[PDB]
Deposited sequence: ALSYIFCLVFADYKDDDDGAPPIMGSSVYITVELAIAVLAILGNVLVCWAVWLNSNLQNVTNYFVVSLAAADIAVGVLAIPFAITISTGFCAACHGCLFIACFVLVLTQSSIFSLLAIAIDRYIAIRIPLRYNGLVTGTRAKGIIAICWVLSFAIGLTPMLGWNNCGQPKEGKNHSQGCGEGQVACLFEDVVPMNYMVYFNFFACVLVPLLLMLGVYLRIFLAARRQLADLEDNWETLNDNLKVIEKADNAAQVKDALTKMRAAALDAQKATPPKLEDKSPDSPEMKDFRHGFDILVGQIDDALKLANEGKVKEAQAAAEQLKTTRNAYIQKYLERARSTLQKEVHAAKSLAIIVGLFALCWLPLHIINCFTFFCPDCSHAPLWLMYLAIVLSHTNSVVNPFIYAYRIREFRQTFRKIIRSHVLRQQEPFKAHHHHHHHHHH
């Protein structure tokens, strides 16, 4: 007695197939958008496409494999291992793509003038190819001998009636838990996720430091202007102009734009030469000209630089959400494996919970297209064009 297994199995399979359809459709849309729209064709989005391709493969291959292995069918043990482990190749490829995106955005905010000479489409393609090769080697490592094929469950294999060399193909019977916990979870998943967390933290800190510096230079200009306006001594004017000048050079370091800071620094130097030669009123008078240069050029370039940095912060937040949802969808299965491995006195997690955790991991292959659509205008607008035109 006990409910016929096919009833629970029918629910599981139906849900897996629903997820597969949505993973394929949404991620084909991502790839189509990058293909269509040259504004989306940049290095960051080559990693986005590599990630979308891994999620298409979850729907086309990993989900049919998961349905197959849920039956415990008789198979040659190394064929069984390939079906069991292929999803780990795809999840490792996703991890590498996510890590590359984070580093890409970190380079872009740290050394933006060197970014385009360092990070090229050709180098990115080589990186993607290497990461896919490494992904196959890591995810299929059990097929090199780190497996339980030498210790078959002969009770299961006779009750199912399997032949010679065949095992009942069940994940936990063939894939060792020490591989899943120490090698896959700790070294290959958790360590990269923590590195990604640290990279994103460094991105937000760099942005916050650059914004504060911008602001410091701005009020250094304005404060020292007031000093000159309230001064009554040549060297109180000269000293303020001197500090205004370094602030201006630092702002310029950090063509029409050049004309702005040239008028500004030229005007400072004019007022300085008057200051040195004792003419305080001529110096103060020359220094009030700076205000129209400030209003006409310097404020406009402060504003553009602030909004560029605010755009990069908003973009990095969007990409970090992707990483967060990856962790939220995969950590339950890893944590369950930790209980199975480290607590032999604990009852095994129940079968319904195992399959809920499996389904949750697969749902990760559905969500990224929705993030892009809600958070990234250029994707959203291109999705809209594709749907309205080629679908409506």
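Annotation: deposited residues 1 to 17, 272 to 286, 425 to 442 are not represented by C-alpha coordinates in the model.
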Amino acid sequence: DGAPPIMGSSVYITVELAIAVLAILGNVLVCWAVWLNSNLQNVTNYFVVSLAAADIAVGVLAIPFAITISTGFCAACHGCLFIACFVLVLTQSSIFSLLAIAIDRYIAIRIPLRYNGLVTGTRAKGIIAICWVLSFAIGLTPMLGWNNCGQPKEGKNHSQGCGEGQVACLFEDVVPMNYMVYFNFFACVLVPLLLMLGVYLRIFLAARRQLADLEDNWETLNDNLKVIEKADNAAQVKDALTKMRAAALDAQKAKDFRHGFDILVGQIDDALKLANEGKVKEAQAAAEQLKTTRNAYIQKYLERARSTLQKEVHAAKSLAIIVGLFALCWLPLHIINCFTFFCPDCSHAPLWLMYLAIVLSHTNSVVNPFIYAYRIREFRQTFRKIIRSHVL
From here on, numbers count along this sequence of modelled residues.
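Look at the mean CA B-factor for 128 to 136 and for 281 to 289 in the entry; the higher one is 281 to 289. Note on 95 to 103 vs 267 to 275: mean CA B-factor is higher in 267 to 275. Highest C-alpha temperature factor among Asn224, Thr122, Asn184, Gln151 per the entry: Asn224. Within the listed group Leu319, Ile83, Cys77, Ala246, the record reports its top CA B-factor for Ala246. Ranked by C-alpha B-factor against the other modelled residues of its chain, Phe204 falls in the middle third. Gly72: CA B factor lies in the middle third for its chain, per the PDB record. Sort the modelled residues of the chain by CA B factor and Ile228 lands in the highest third.
Ranked against the other modelled residues of its chain, the C-alpha B-factor of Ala305 as given in the entry falls in the highest third. When all modelled residues of the chain are sorted by CA temperature factor, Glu172 is found within the lowest third.
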